[PDB]
Ligand SMILES: [Cl-]
C-alpha cells in the first residue's frame, strides 16, 4: 500500500548530503510570536501533500543564527520548520521545552490561517523537535512530556538530569567528541543510555567542539543527511530512509556510533 506521508523523489546519499534537497524553500518571520521570543518559519513549495512540522531551539545565550542552517536544509526535503529565539537567552531547558511546544502550536494555528504562507501545508498530527545544548535538553523534555511527537534529534544536549528513561519517541542524539561545555560522558551518552523504550541513535562527531552541529559546521553533509533521514523515517514512517536513518556511517568524521531498535531497509 502507498504510504500517505511519503514525499519527494527516492533518496540517494548525494541528494541527502547536498546543501539543499529537491523542494524550493521560502521563509517568513512570525509577526506576533505566542509563548516564545521570535520565530522564522521555513516551508517547501508543492511538496505533494501536507508535511510534518519541526521546532528547533538554540542553547543558553544563543539565538536562531546558531541553529538556523537546519531550517532550509530540512524544509527542502519536505518539512515545515520553525527556528526560535527564547523569551530570554538565559531560559533553562524546561522553559525552552514549553516555548518549543508553543512554537509548534503556532505553526498549527498558522496552518489554519488563510492569510499565512503555510495555510493547509502542515499535517499537525506529525511533529518533531530539535535543539542545541539546553535547547537539546528542552527537546528531550518535550519528547518525554509529549509522546505524541514523532521524532526528536537534539545536538550536544544538556540537562541537569540525564534520566530520559520514559521517552518512547525515536531519538537521534548528535554528540561532539571533545565537548567541554556539555561533556559527552556526563550529558549526551548517559542521556542516550537512559532510553530503553525507543528507536534511538547516538552519533558522535570526531574531534567536535560543543558547536560541531551548529550553523557553519564542517560536517553539514553527514549531519544534514542524518537529521533529514531520521525525520523522514520517523515523522513520515518512510522506509525509503530506513538505511540512511539506521546505518553506521562508517566514516572517519564519526568517533562513536550506537543505535537501538533501528532496522535497515528490508
Ligand atoms: Cl546551553
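All residue numbers here begin at 1 and follow the chain in the order shown.
Cβ coordinates are placed from backbone N, Cα and C, and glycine is handled just like the others.
Taken from Swiss-Prot, the feature active site, nucleophile covers 133. Positions annotated as active site, charge relay system by Swiss-Prot, on the basis of a curator's inference: 179, 210. According to Swiss-Prot, the feature poly(ethylene terephthalate) binding site maps to 60, 134, 158. Taken from Swiss-Prot, the feature disulfide bond covers 176-212, 246-262, and the record attributes it to experimental evidence.
Distribution of Swiss-Prot features across the structure.
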residue : record                                    : Cβ neighbours (10 Å)
60      : poly(ethylene terephthalate) binding site : 20
133     : active site, nucleophile                  : 30
134     : poly(ethylene terephthalate) binding site : 30
158     : poly(ethylene terephthalate) binding site : 26
176     : disulfide bond                            : 27
179     : active site, charge relay system          : 23
210     : active site, charge relay system          : 20
212     : disulfide bond                            : 23
246     : disulfide bond                            : 19
262     : disulfide bond                            : 19
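A straight line from the CA of residue 246 (disulfide bond) to the CA of residue 176 (disulfide bond) spans 19 Å. With a cut-off of 6 Å between Cβ and the nearest atom of ligand 1, the recorded positions 179, 246, 262 reduce to an empty set. Distance between Cα atoms for residue 60 (poly(ethylene terephthalate) binding site) and residue 212 (disulfide bond): 16 Å, as a whole number. In terms of Cα distance, the recorded positions that sit within 10 Å of residue 179 (active site, charge relay system) are 210, chosen from 134, 210, 262. In sequence order, 59, 92, 93, 96, 133, 135, 136, 137, 159, 182 are the same-chain residues whose CB sits within 8 A of the CB centroid of 60, 134, 158, the residues recorded for poly(ethylene terephthalate) being left out. In this structure the C-alpha atoms belonging to residue 176 (disulfide bond) and residue 210 (active site, charge relay system) are separated by 6 Å. Those residues noted as binding poly(ethylene terephthalate) (60, 134, 158) have their most widely separated CA atoms at a distance of 10 Å.
Cα proximity to residue 133 (active site, nucleophile) (within 10 Å) is found for the following recorded positions from 158, 210, 212, 262: 158, 210.
Separating the Cα atoms of residue 210 (active site, charge relay system) and residue 158 (poly(ethylene terephthalate) binding site) is a whole-number distance of 11 Å. In the three-state DSSP scheme, residue 210 (active site, charge relay system) is classed as coil. Between the CA atoms of residue 134 (poly(ethylene terephthalate) binding site) and residue 262 (disulfide bond) there is a gap of 26 Å, rounded to the nearest whole number. DSSP gives residue 158 (poly(ethylene terephthalate) binding site) a coil state; it is part of no helix or strand. A separation of roughly 24 Å, to the nearest angstrom, links the Cα atoms of residue 158 (poly(ethylene terephthalate) binding site) and residue 262 (disulfide bond).
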